[PDB]
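Starting off, we have a lone chain in the form deposited in one PDB entry, written out as structure tokens.
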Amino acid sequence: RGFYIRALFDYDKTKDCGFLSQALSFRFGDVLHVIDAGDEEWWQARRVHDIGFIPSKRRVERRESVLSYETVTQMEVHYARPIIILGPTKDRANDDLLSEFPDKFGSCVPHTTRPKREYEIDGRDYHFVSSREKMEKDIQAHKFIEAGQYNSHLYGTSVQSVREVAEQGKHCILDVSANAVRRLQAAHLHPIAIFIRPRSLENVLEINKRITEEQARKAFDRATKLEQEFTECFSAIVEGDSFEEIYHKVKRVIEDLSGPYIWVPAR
């Protein structure tokens, strides 16, 4: 006694040992405080949001490199947590959050070493960097949470760009990959990473009634592959039979995890 834990999977009472136990059901992202982990096979804990008992880490590894739990610690933040929405209809959710709540959501501009085209303007389209070599060194100095190459030019989203929005009290809506989650954590700027999970190929067409089936299958395959690799990085997983419900859940998740005190992974 005793540490704090975070569920990386959905667990139901009845599927394991019926409701006829003192067991505790929990969903992905639930933070549990363990009281007794002495039992080799099963663990005593309580929900931090409601007192009972939860299965162990080595135990669930036996049933199904499997994902069980991650140890977490409470931390106080003084900035607004950045946002990383992933999965189907993420672009619509990103654009909708910014238009609907302009006082609490903002966006940042990526850097590039590509010569600024005449119609483009610096600071809005891109932060245009005249010296390529300078950006490559900033990349090596861990100044970028994401960086790539296109037509022999560097593109990237800097940690400073994100932090500037965050320190003005606004959630930075980020168009980045899941790999940016770890780098933001390492920069002590922990994002709310939300994964929109399609229940099936048919569900994709339900939450996105615009795209074709051919596009839906590709989006579904990308979503399944995304969940395979970055599930640990997800702050939450949301589902729905419509985009409006998904959007509804995204708003709730953001509100719940935007508190002064948050839970972050431990050693």
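Numbers for residues come from their place in the sequence shown, where the first is 1. Only the largest set of C-alpha atoms that superpose within 1.5 Å between the two forms is called the rigid core.
Keep in mind that the form deposited in another entry is not shown, yet the notes after this line are about it.
J.: Take the rigid core as the frame of reference and indicate whether the C-alpha of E133 shifts by 2 Å or more between this form and the one not shown.
T.: Indeed, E133 is displaced by 2 Å or more.
J.: With a threshold of 2 Å on the C-alpha, tell me if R117 counts as moved between this form and the one not shown once the core is superposed.
T.: Yes.
J.: Quick check on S99: with the core superposed, does its CA move 2 angstroms or more between this form and the one not shown?
T.: No, its C-alpha moves less than 2 Å.
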